[PDB]
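Beneath this line is the structure, given in C-alpha cells, with notes to follow.
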Amino acid sequence: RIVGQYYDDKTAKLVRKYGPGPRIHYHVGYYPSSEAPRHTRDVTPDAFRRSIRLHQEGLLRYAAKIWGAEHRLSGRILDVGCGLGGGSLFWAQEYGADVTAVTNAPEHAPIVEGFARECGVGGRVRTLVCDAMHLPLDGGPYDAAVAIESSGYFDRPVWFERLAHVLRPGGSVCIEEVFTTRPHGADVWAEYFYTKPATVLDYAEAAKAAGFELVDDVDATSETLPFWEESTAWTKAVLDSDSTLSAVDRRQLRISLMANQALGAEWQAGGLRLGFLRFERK
Amino acid sequence: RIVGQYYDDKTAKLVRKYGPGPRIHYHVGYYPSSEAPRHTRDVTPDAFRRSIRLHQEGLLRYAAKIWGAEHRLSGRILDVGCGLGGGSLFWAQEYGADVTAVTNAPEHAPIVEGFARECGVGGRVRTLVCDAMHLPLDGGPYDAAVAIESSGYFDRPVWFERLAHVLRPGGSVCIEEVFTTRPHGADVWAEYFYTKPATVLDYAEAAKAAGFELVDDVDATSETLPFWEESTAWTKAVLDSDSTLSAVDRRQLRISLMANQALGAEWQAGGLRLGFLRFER
Amino acid sequence: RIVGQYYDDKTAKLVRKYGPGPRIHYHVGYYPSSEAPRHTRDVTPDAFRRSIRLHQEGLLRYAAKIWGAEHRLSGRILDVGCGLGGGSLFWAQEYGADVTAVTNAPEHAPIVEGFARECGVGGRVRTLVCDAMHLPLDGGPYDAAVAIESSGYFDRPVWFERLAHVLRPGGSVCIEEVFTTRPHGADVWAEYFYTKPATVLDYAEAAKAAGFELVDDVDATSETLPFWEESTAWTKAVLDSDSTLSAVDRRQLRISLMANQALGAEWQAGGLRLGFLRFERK
Amino acid sequence: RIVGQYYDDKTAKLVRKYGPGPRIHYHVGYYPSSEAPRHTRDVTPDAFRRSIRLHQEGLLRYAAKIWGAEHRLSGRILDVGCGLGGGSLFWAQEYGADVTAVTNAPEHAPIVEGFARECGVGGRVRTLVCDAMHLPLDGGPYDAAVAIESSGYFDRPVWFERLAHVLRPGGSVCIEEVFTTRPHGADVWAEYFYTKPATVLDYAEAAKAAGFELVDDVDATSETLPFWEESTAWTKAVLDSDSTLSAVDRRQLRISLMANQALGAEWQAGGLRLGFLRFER
Amino acid sequence: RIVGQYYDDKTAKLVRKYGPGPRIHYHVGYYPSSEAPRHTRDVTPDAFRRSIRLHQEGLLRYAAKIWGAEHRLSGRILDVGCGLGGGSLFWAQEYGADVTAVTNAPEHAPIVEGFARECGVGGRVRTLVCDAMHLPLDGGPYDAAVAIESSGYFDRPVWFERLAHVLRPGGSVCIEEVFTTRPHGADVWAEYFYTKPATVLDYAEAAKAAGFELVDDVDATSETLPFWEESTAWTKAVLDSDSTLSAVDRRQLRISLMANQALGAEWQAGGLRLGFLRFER
Amino acid sequence: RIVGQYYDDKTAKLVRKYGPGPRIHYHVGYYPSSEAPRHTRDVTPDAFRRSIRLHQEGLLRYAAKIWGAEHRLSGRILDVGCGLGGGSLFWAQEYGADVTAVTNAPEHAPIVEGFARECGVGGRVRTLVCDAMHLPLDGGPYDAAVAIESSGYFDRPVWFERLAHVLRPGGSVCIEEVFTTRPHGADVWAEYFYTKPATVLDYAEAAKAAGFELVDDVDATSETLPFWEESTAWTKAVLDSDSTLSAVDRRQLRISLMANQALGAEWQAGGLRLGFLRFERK
Ligand SMILES: Nc1ncnc2c1ncn2[C@@H]1O[C@H](CSCC[C@H](N)C(=O)O)[C@@H](O)[C@H]1O
Ligand SMILES: Nc1ncnc2c1ncn2[C@@H]1O[C@H](CSCC[C@H](N)C(=O)O)[C@@H](O)[C@H]1O
Ligand SMILES: Nc1ncnc2c1ncn2[C@@H]1O[C@H](CSCC[C@H](N)C(=O)O)[C@@H](O)[C@H]1O
Ligand SMILES: Nc1ncnc2c1ncn2[C@@H]1O[C@H](CSCC[C@H](N)C(=O)O)[C@@H](O)[C@H]1O
Ligand SMILES: Nc1ncnc2c1ncn2[C@@H]1O[C@H](CSCC[C@H](N)C(=O)O)[C@@H](O)[C@H]1O
Ligand SMILES: Nc1ncnc2c1ncn2[C@@H]1O[C@H](CSCC[C@H](N)C(=O)O)[C@@H](O)[C@H]1O
C-alpha cells in the first residue's frame with residue numbers, strides 16, 4: 001500500500017536510531033529479566049542506541065533458540081518484511097540460511113544487498129520488492145518463513161495460503177508479532193504503525209485453513225516492555241543534547257517521544273501481547 | 001516560513017475538528033470550573049466538537065472580560081495570527097471593533113474574508129498575508145493588538161518593536177499563550193507545534209525594550225487543562241466511529257491522539273503556564 | 001554589478017540583525033563617547049540589537065546636526081544607496097524631505113515603499129532601482145543628495161558628474177563613508193563588502209572636477225569604533241543562545257563574527273577613517 | 001549531505017591553494033619547531049603554497065612515524081574522507097598499502113582516481129562515493145582506517161560501529177582531528193567548516209562502545225598553529241599580487257582571510273586541541 | 001558574625017591606612033577623571049594616604065550630588081555599616097542630618113561616638129551595635145538609609161524587609177556597592193572581604209518584594225579603578241620606607257599588596273560593577 | 001621565630017594541596033621543558049595536585065642528578081628545613097641516606113616520623129625541632145647537608161659557620177633556593193613567605209667565610225615557572241568546584257590565588273632566580 005512509501009521515507013530515522021553497522025534491526029528488543037538496564041555512566045543517545053541494538057539482537061537470538069533455528073532456519077527460508085536486513089543477515093550468518101528478503105519499501109532492498117555484500121553473504125541473501133500477499137516466488141519449496149513484526153501488515157487468511165504453496169510439508173512459519181488479547185487492545189500500535197493486529201486465534205484460524213498447525217505459542221509481552229523505556233530514553237537524550245536540530249526534526253522527535261509513551265502505556269495495559277508463534281505446514 | 005506552509009496543510013483537518021461555524025477557533029478551550037463536562041450517552045465526534053467549540057468561544061469571552069474589551073478591544077485592532085478568523089470575527093461582532101487580521105498562511109486569508117461577509121462585518125475585517133514581524137504600518141495607528149496562541153511563533157523583541165510603531169500610546173497588547181515556567185517546560189508543545197515558548201519575564205523584558213508596560217498577568221493553566229481531555233476524546237470518537245477512514249488519515253488521527261496525550265501530561269507537569277497578559281504602550 | 005545580488009541575498013540577515021520596525025539601518029553606529037555601552041542586566045541578542053539600532057539612529061541625528069538638515073536636507077533630496085529605507089524615512093519624517101531612494105538591489109525597493117506607506121510618508125518617498133552612476137533621474141533639480149555608506153560602491157569622478165547635472169547650484173552632497181588614510185588601510189572593509197574606499201583627497205578631486213567644493217570634513221573614526229564591539233557581541237549572543245540554528249546558519253554567523261573582529265581590528269589600526277563630508281555645488 | 005555539496009563547490013578554490021601535485025592535501029600543516037619559516041624576499045602566492053604543501057606532507061610523514069605506518073598502515077586500509085586523495089596516494093606510495101578512499105563529494109572521486117593512475121598506483125587505490133557512516137563492508141576486512149581531519153564530520157558512535165565490522169581484530173584506527181578541550185572551544189572551526197568537534201574522551205567512549213581501545217594520544221596544537229600564519233599569508237599574497245581578480249573571488253578570498261584570522265586566534269586560545277589518536281580493535 | 005570579629009581585628013591596620021581624621025573612611029575612592037594623580041617626588045606613605053582619603057571623601061561628595069542629599073539625606077537616617085564613622089560624620093556635618101550608625105563591630109562603636117563629639121555633632125549621631133538584618137525599629141521612622149560598601153554583607157531580601165518597616169513611605173535607600181555583572185565576577189572581592197556580591201537585578205528584586213522602587217542606577221567602575229593603584233602604591237610605600245616593621249606586619253602588608261593586585265585586576269576584567277543605587281519606598 | 005608558628009598553622013593546607021601519601025613536598029616543581037602540562041581530560045583539583053606532586057618529585061630527582069646523590073647524598077646527611085619529610089624520605093629511600101630532619105615547626109616532626117615508620121625508614125630518618133642556626137647537632141660529622149627552599153629563613157654567615165663544624169672536609173652543602181638577581185627582585189616572595197632572599201654572591205661570601213667553595217651554580221628559573229600556573233590552576237579548581245567551602249576557607253583560597261598570581265608575575269620579571277647551589281667544605 002502507502003505503507004511502502006511510509007517505510008521508504010523513514011529510512012533516514014531508522015539508520016539514525018538503529019544503525020549503523022551492517023545489521024540494523026527494526027523490531028522491539030528482548031530483555032529476559034523484564035527490566036530495562038540502568039544507564040548511569042553514559043546517558044548519551046549512543047548509549048541507549050547500543051543497548052537497543054544489543055537487545056534487538058537478543059530478540060533474534062531468543063527466537064532462534066525457541067524455534068531451534070539450527071535445523072529449522074538453516075535451510076532455504078523466506079524473510080518476509082525484512083526491514084533493512086538485520087534479521088536477514090542474522091539467519092544467513094548465524095545459521096547459514098539462504099534468504100529471500102521481501103519488502104514493499106523499494107528504497108530498502110538496495111540497502112540490504114549492500115549489507116549482505118558487506119558481510120560476505122551476498123550469494124546467500126536475495127531481495128525482492130513486492131507485496132507479500134501477491135508475491136510470485138520462484139525458488140522452489142522453501143524450508144521455512146520468518147516474519148519479525150511484519151505480519152501485522154498482511155491479510156492473514158490470504159498470506160498463509162501463499163505460504164502453503166511455497167513451503168514444503170513440515171516447514172515452519174515463525175512469527176514474532178503484536179497481537180490483541182482484548183478488542184482494541186493494540187489500537188495505539190495499530191493506528192500509529194498502519195498495522196492491523198489480530199488475536200492469536202485469528203492467526204491460527206487462517207493458518208489452519210491453509211494447512212498449518214500451531215505448535216508453539218510464547219508470551220514475550222513482559223520481556224519486551226523495557227524496549228519502550230529505552231526507545232523513549234534515547235529520543236529524550238537526542239532532544240536534550242543535540243543543538244543542531246532543526247525545528248522540524250525536533251518536532252518529529254517530540255512526536256516520536258509522545259508516541260513511545262502512549263505505546264509503552266498500551267503495552268502494559270493488558271490489551272496486547274508480544275507473541276512468538278511457530279506454525280508447521282501439514 | 002515552513003510554519004506558514006505547515007498551517008496551510010492542516011486547513012482541512014482543522015475545519016473538520018473545529019468547524020464549521022462562521023467562527024472556527026484554533027486555541028485551547030477555557031473551562032471555568034477546571035473540569036470537562038461529563039459527556040452523557042452521546043459520545044460522538046460531533047458531541048465533542050460542539051463542546052470544544054463551546055469552550056473555545058468561552059476563552060475569548062473570558063479574555064474579553066479580563067481585558068475589558070468594551071473599551072480596549074472595540075477600536076482599530078490587529079488580530080495577529082488570526083488562524084481561520086474565529087477570533088477576528090469575535091471582536092468585530094461582539095465588540096464592534098474594526099479588525100485587521102494578520103496571518104502567514106495565505107490559504108487561510110480567503111476563508112477569513114468569506115466568513116467576514118457571511119457575518120456582515122466584511123466591511124470591518126480585512127486580512128494581511130504577511131509575517132507578523134514585518135507588519136505594514138500603512139493603515140494608520142491601531143488601538144490594540146490581540147494574539148491568541150500565536151506569539152509562540154514570534155521573535156518577541158522584534159515583534160514588540162513593530163508593535164511600538166503601529167500602536168498608539170496607551171494601546172493595549174493582549175496575549176494568550178503557552179509560557180514556560182522553567183527550562184524545557186513546554187518542549188512537547190514547542191516541538192510539536194513549531195513554537196519557541198518563553199517565560200513571562202522574557203515577554204515583559206522584550207515589551208519593555210520597545211516601550212511597553214506589563215499591566216496584567218492571569219494564570220489559566222487549570223482552566224485549560226480539560227481541553228486536552230475533550231480534544232483527546234474527540235479524536236478517539238473519530239477513530240472509533242467511522243470505519244470509512246483511509247489508513248493514511250487513520251494514522252494521522254492516531255498520531256494526534258498520542259500527541260494530545262503527551263501534550264496534556266506536560267500541561268500538568270508544572271513546567272508550563274497557559275497565561276493571559278496585557279501590555280500598555 | 002553583482003553587488004545588487006549580494007545586497008538582495010542578505011535581506012534576511014539585515015532584518016534579523018537590524019530590524020524590525022519601519023526604520024532598518026545598515027551603517028555603523030555613532031557612540032559620541034567613543035565607548036561601547038556596558039551591557040549587564042540583559043545580554044541577549046535583542047539587547048545588542050536595540051543598542052545597535054539606537055546608535056545607528058544616533059549616526060543619522062549626528063549627521064543632520066553637523067549638516068544642518070533643517071535647511072539643507074528638508075527639500076527635494078536624493079538618498080543614494082538607500083538600503084532598506086532607514087535613512088530615507090529619517091529625512092522624510094524628521095525634516096519633511098521629499099526623498100528619491102536609489103538602490104541596485106531590487107528586492108529592497110518594495111520593502112522601502114512598504115515602510116514608507118507604514119509611516120505615512122509614501123507621498124514623500126519614492127524608490128528607483130538602477131545603478132547610481134547611470135541613473136536617469138527625472139524630478140527636476142534636487143536640493144541635496146545623501147549617501148550613507150554607499151559611495152564606496154561608486155565611481156567617484158563619474159558619480160559627481162551625475163550629481164552636478166541634477167543638483168541646483170549651492171546644493172549639498174552629504175557623504176558618510178569609510179576612507180583610507182594610508183594605502184590598503186581599509187582592505188578588510190573593501191574586500192569583505194565589495195567596496196573600493198579611497199582617500200578624502202580622491203573624493204575632493206573628483207568632486208572639484210564636476211564643480212563641487214568641500215566645505216566640511218569630520219573624523220568620526222573613534223566615535224564609530226564601538227559599533228564593532230556591539231556588532232560582534234550580538235553575533236556571539238545569537239550563536240551562544242539560539243539552539244534552533246542550522247549548521248549552515250551557524251557557520252554564517254561564525255563567519256560574520258570572524259569578519260567583525262578583523263574589521264574592528266582594522267578600524268583602530270590607523271589606516272582607515274570614518275568620515276562625514278559635505279560638498280556644495282558651484 | 002549539504003557538506004558533501006559544500007566540498008564539491010570548493011574544488012577549484014582548493015586546487016588553486018593546495019595543488020597541483022598529484023598529491024593535493026586538505027589538512028593543516030605540521031611545523032616541528034612550532035614556528036613558520038621566515039619567508040625571505042620571495043613572498044609570492046606560490047612561495048607560500050609551496051611551504052603550505054611542504055608541511056602538509058610533513059604532517060603525514062609525522063603521523064606515519066608515530067603510528068609506525070611500516071606495519072600498521074601498509075595493508076588494506078580505509079582512507080575515510082580522502083579529500084582530493086593526497087593522503088590516499090601517500091599511503092599507497094610511501095608504505096606500499098592498498099587504499100580504499102571514502103568521500104561524500106562525488107566530484108572529488110574522479111580526481112583521486114586520475115591521480116592514482118598518474119602515480120602508477122591506480123591498481124592499489126579505489127574510491128567509494130558514500131557516507132562514512134554507511135560503509136560497504138563487501139570488500140573484505142581491512143587492516144586499518146585512517147581519518148586525517150575528516151572525523152569532525154562523523155557520528156563517532158555510529159562510525160566506530162561501522163569500523164568494528166569492517167576492521168580485523170587488532171586493526172588500527174588512526175585519527176588526526178581538531179578536538180575540544182572545553183565547551184565551545186572550537187566554535188569558529190565548527191561553524192565555518194560544518195563540523196561537530198568533540199573531546200578526546202568523547203572519541204574514546206564511542207570507540208569503546210564499539211570494541212576499540214585508545215592506545216595513543218599526541219597533542220600537536222603547537223606544531224600546527226603556524227599553518228594559520230602561512231595560510232593567512234598565502235591569502236594576502238593573492239589579494240596583493242593579482243589585479244586580474246574578479247570582485248566576487250576577491251571577496252571570497254577576503255572572507256577566507258578574516259576566517260583564517262579568527263581560526264588562528266582560536267587555535268591559541270586554549271579551548272581547542274589538534275591531536276593524533278590511534279585505537280586498536 | 002565571624003565578620004563582625006573580622007572587622008574588630010583590622011581596626012589598627014585600618015586607622016593606620018585611612019586615619020586619622022575625625023573622619024576615617026573604609027570604601028574605595030572616586031576619581032572623577034578615571035585616573036590616579038601622578039604622584040610627584042613625594043611618594044611616601046603619607047602622600048598616598050592623603051590622596052586615598054581625598055578621593056574617599058570625594059566618593060561621598062559625589063554620592064551626595066547624585067542622591068541630592070540636600071533633601072533626601074538631611075533628616076533622620078540610618079548609616080548601615082558605618083565603618084569607623086566617616087560616612088556617618090559626613091552626613092551629620094555636610095547635610096545637617098541626624099544619623100543612627102549601625103555596625104556589628106562593637107570595637108568600632110566607641111570610635112564613632114568619640115569622633116562625633118570631637119566634631120560637635122555627638123548630639124546628632126548615635127550608634128547601634130547590632131546586626132543590620134535585625135534592626136531595632138524603636139527609634140521611630142527614618143527618612144533614609146545609606147549603605148556605602150556594606151550591603152555585600154547583607155541578606156538583601158531580609159534587609160529590605162527590615163528597611164520597609166523602619167523607613168517612611170517615599171524614604172530613600174542609597175547604596176554604593178560592588179555588584180556582579182556575570183557569575184563569579186567578584187570572587188576575589190567576595191572571598192577576600194567575606195561578602196556575597198549579587199547583581200543589580202538581584203538587589204531590585206529583593207527591594208521590590210519589600211515594597212521598594214529602584215529609581216537610580218549609576219555605574220562608577222571606571223572612576224573607582226584607580227583606588228586600587230593608590231591603595232597598592234601606599235602599601236608599597238610602607239614596605240619600602242620603614243625598616244622598623246616586624247616580620248609579622250611586614251607579611252600582612254605583603255599579603256594586602258598581593259590582594260590589591262588581584263582585586264584591581266578583577267575590577268577591570270569586566271565581571272564586576274561598582275555601582276550607586278537609590279530605591280524609594 | 002614566629003615562622004615556626006606560621007609553618008605549624010598551615011599544616012592543614014599543605015596536606016590538602018600537596019598530600020596525601022607518605023611523601024608530601026613543599027617546594028616548587030621542576031618542569032624540564034619550561035612549559036606547564038596541558039590539562040584537558042581532567043581539570044579537577046586532584047589533577048593539578050598530582051601534577052604538582054609529580055613535578056615536585058621531579059625537582060628532587062633533578063637535584064640528585066646534578067648533585068650526584070649516589071655518592072654525595074647517600075651517607076649521613078642533614079635535611080635542614082625538612083617540611084613534612086618529603087625530601088627526607090626521598091634521600092633515605094632513593095639513596096639510602098641516614099637523615100637528620102630539622103625543623104622549627106614542632107607540629108611537623110611527628111608527621112615526619114609517622115611517614116618514615118610508614119615507608120620503613122624510621123631507623124634511618126630522625127627529626128629534631130630547633131632553630132637551624134642554634135641547633136646542637138650530636139651525630140658526629142655529617143657527609144652533607146641539603147636545604148630545599150629553607151635557607152631563605154637562615155642567617156647565611158652564621159648558618160655556614162654551623163655547617164663547617166658538623167660537616168667533614170669535602171662534604172657538600174646542597175641548596176635549592178630563591179635568590180635575588182636585582183635588589184628587591186624577590187620582594188613578593190620574601191614578604192609573603194617571611195623569607196630574606198639574597199644574591200648568589202651573598203651566599204658565596206658567607207660560605208667562603210666559613211670555609212666552603214662554590215662548585216656548582218645552576219639556573220632553574222625557567223624550569224620552575226610552570227609551577228605557578230599549576231599552583232594557581234589548582235587553587236581555582238578548588239574554589240570553582242567544592243561547594244562545601246566556608247566563607248573563611250574560600251577567602252584564604254582566594255588570598256592564595258591572588259598571591260600565586262603576583263608570585264608568578266615576579267618569577268618572570270627577571271629580578272629573581274631559582275637556583276641550585278652546591279658548596280664543598282675546605
Ligand atoms: N504489504 C507488505 N508486503 C511486504 N512487506 C511489507 C508489507 N508491509 C510492510 N512490509 C515490511 O515489513 C517490515 C516491517 S518492520 C521490519 C521487520 C524486520 N524483519 C526486522 O525486525 O528487522 C518492513 O520491512 C516493511 O517494509
Ligand atoms: N510568522 C508568523 N506571522 C504571522 N502569523 C503567523 C506566523 N506564524 C504563525 N502565525 C499564525 O498564528 C496563528 C497561530 S494558531 C491561530 C490562533 C488564532 N487566533 C485562533 O485562536 O484561532 C496561525 O494563524 C498561524 O498561521
Ligand atoms: N552601484 C550601486 N548603485 C546604486 N546603489 C548601490 C550600488 N551599489 C551598492 N548600492 C547600495 O548602497 C547601499 C549600501 S548600505 C545602505 C546604506 C543606507 N543608506 C543606510 O545606511 O541605512 C545598499 O542599499 C546597496 O544596495
Ligand atoms: N559524511 C561524510 N562521509 C564521507 N566523507 C565525508 C563526510 N563528510 C565529509 N567527508 C570528507 O572528509 C574530508 C574532510 S577534509 C579532507 C581530509 C583529507 N584526508 C586531507 O587531509 O586532504 C573531505 O573529503 C570530505 O568530503
Ligand atoms: N551583618 C552586619 N550588620 C551590621 N553591619 C555590618 C554587618 N556586616 C558588616 N557590617 C559593617 O559594614 C561595614 C562595611 S565597610 C565600612 C563601610 C563604611 N560606610 C565606610 O565606607 O567607611 C563595616 O562597618 C562592617 O562592620
Ligand atoms: N629558622 C628555622 N630553623 C629551622 N627550620 C626552619 C627555620 N625556618 C623555617 N624552617 C623550615 O624550613 C622549611 C621551609 S619549606 C620545607 C622544605 C622541604 N625540604 C621540602 O621542600 O619539602 C619548613 O620546614 C620550615 O619549618
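Each chain gets a letter, A, B and so on, in the order the sequences are listed, and its residues count up from 1. Atoms considered below: every heavy atom in the structure, side chains included; atoms not considered: hydrogens, waters and symmetry mates.
- Partners of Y7(C) by ring-ring contact (aromatic ring centres under 6.0 Å, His included), not counting sequence neighbours, listed by chain and number: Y153(C).
- In terms of the salt bridge (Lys or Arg N to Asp or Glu O under 4.0 Å) criterion, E113(D) has no residue partners (sequence neighbours excluded).
- In this structure, CG on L60(D) lies 8.0 Å from CH2 on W67(D), to the nearest 0.5 angstrom.
- Heavy atoms of other residues, nucleotides or ligands lying less than 6.0 angstrom from NZ of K236(D) number 12 at most.
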Practice problem: Give the C-alpha distance, both sets of side-chain angles, the deciding distance and a yes or no for side chain to side chain contact (heavy atoms under 4.5 Å, CB included) between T40(F) and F179(D). | Solution: CA-CA 10 Å; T40(F) 49; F179(D) 302 102; over 6 Å; no

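- Classification of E213(D) and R281(D) as a salt-bridged pair fails, no side-chain N sitting under 4.0 Å from a carboxylate O.
- When all heavy atoms are compared, the tightest approach of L89(D) to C119(D) is CD2-SG, 4.0 Å.
- Under the rule for a ring-ring contact (aromatic ring centres under 6.0 Å, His included), the partners of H39(F) that lie at least two apart in sequence or sit in another chain are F48(F).
- The salt bridge (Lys or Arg N to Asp or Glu O under 4.0 Å) check on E70(D) picks up nothing, with sequence neighbours excluded.
- Judged as a ring-ring contact (aromatic ring centres under 6.0 Å, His included), and not counting sequence neighbours, the contacts of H25(D) are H27(D).
- If you take OG1 on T11(A) and CD on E107(A), they are separated by 4.0 Å, rounding to the nearest 0.5 Å.
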(request) Check step by step if side chain to side chain contact (heavy atoms under 4.5 Å, CB included) holds for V238(D) and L245(D). (result) CA-CA 9 Å; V238(D) 169; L245(D) 261 44; 4.1 Å; yes

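- The shortest distance between side-chain heavy atoms of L84(A) and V15(A) falls below 4.5 Å.
- In this structure, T235(C) contributes its side chain and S231(C) its backbone to a donor-acceptor pair below 3.5 Å.
- The side chain to side chain contact (heavy atoms under 4.5 Å, CB included) check on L225(D) picks up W267(D), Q268(D), with sequence neighbours excluded.
- Using a distance-only test at 3.5 Å, with no hydrogens or angles considered, a donor-acceptor pair links the side chain of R76(D) to the main chain of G139(D).
- Residues passing the ring-ring contact (aromatic ring centres under 6.0 Å, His included) test with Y95(D): none are found, sequence neighbours excluded.
- Minimum interatomic distance between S74(D) and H71(D) (heavy atoms only, all atoms of both residues): OG-O, 3.3 Å.
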Exercise. Please step through side chain to side chain donor-acceptor pair (under 3.5 Å) for the pair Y62(D) and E223(D), ending with a clear verdict.
Key: CA-CA 11 Å; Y62(D) 173 71; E223(D) 291 91 329; 5.8 Å; no

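- Ion pairing between a basic and an acidic side chain is recognised when a charged N comes within 4.0 Å of a carboxylate O; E230(D) and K17(D) show no such pairing.
- Residues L128(D) and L135(D) have side chains not in contact (no heavy-atom distance under 4.5 Å, counting atoms from C-beta outward).
- Taking the salt bridge (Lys or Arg N to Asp or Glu O under 4.0 Å) definition, one finds that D42(A) meets it with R50(A), sequence neighbours left out.
- In plain terms, the two heavy atoms of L14(A) and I24(A) that are nearest each other are O-CG2, 4.0 Å.
- For residues 172-190 of chain D, the side chain to side chain donor-acceptor pair (under 3.5 Å) pairs, not counting sequence neighbours, are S151(D)-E177(D), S172(D)-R278(D), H184(D)-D187(D), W189(D)-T195(D).
- At a threshold of 4.5 Å between non-hydrogen side-chain atoms, the residues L253(C) and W234(C) count as touching.
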Q.
Run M133(D) and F154(D) through side chain to side chain contact (heavy atoms under 4.5 Å, CB included) and show every step you take.
A. CA-CA 7 Å; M133(D) 314 169 287; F154(D) 300 162; 3.9 Å; yes

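- Screening residues 121-144 of chain D for salt bridge (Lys or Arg N to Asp or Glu O under 4.0 Å) gives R117(A)-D138(D), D143(D)-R168(D) as the qualifying pairs, with residues at least two apart or on separate chains.
- The shortest non-hydrogen separation linking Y31(D) to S51(D) is OH-O, 4.4 Å.
- The backbone N or O of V80(D) sits less than 3.5 Å from a side-chain atom of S150(D), completing a donor-acceptor pair.
- Shortest non-hydrogen contact noted between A190(D) and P197(D) is CB-CD, 3.4 Å.
- Rounded to the nearest 0.5 angstrom, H134(D) NE2 and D155(D) CG are separated by 14.5 Å.
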Stepwise salt bridge (charged side-chain N to carboxylate O under 4.0 Å, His left out) test for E94(D) and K65(D): CA-CA 12 Å; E94(D) 312 295 331; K65(D) 178 212 296 195; over 6 Å; no

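- The side-chain heavy atoms of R16(D) and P45(D), taken from C-beta on, include no pair separated by under 4.5 Å.
- For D217(D), the salt bridge (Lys or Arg N to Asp or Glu O under 4.0 Å) test picks out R273(D), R41(F), with sequence neighbours left out.
- Residues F193(C) and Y6(C) meet the side-chain proximity criterion, which asks for heavy atoms closer than 4.5 Å.
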Full working for side chain to side chain donor-acceptor pair (under 3.5 Å) between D46(A) and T44(A)
CA-CA 5 Å; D46(A) 303 310; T44(A) 61; 4.6 Å; no

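- For the side-chain hydrogen bond (donor to acceptor under 3.5 Å, both in side chains) test, residues two or more places apart in sequence or in another chain that qualify with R250(D) are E191(C).
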Note to self: Let's go through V248(C) and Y194(D) carefully: what are the C-alpha distance in whole Å and the side-chain angles of both, what is the deciding distance for side chain to side chain contact (heavy atoms under 4.5 Å, CB included) to 0.1 Å, and is it a yes or a no?
What the structure shows: CA-CA 7 Å; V248(C) 178; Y194(D) 288 139; 3.2 Å; yes

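- In this structure, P37(D) and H55(D) have side chains that are in contact, with non-hydrogen atoms separated by less than 4.5 Å.
- Between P157(D) and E205(D) the shortest side-chain heavy-atom distance does not fall below 4.5 Å.
- Between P20(D) and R53(D), some side-chain heavy-atom pair lies under the 4.5 Å cut-off.
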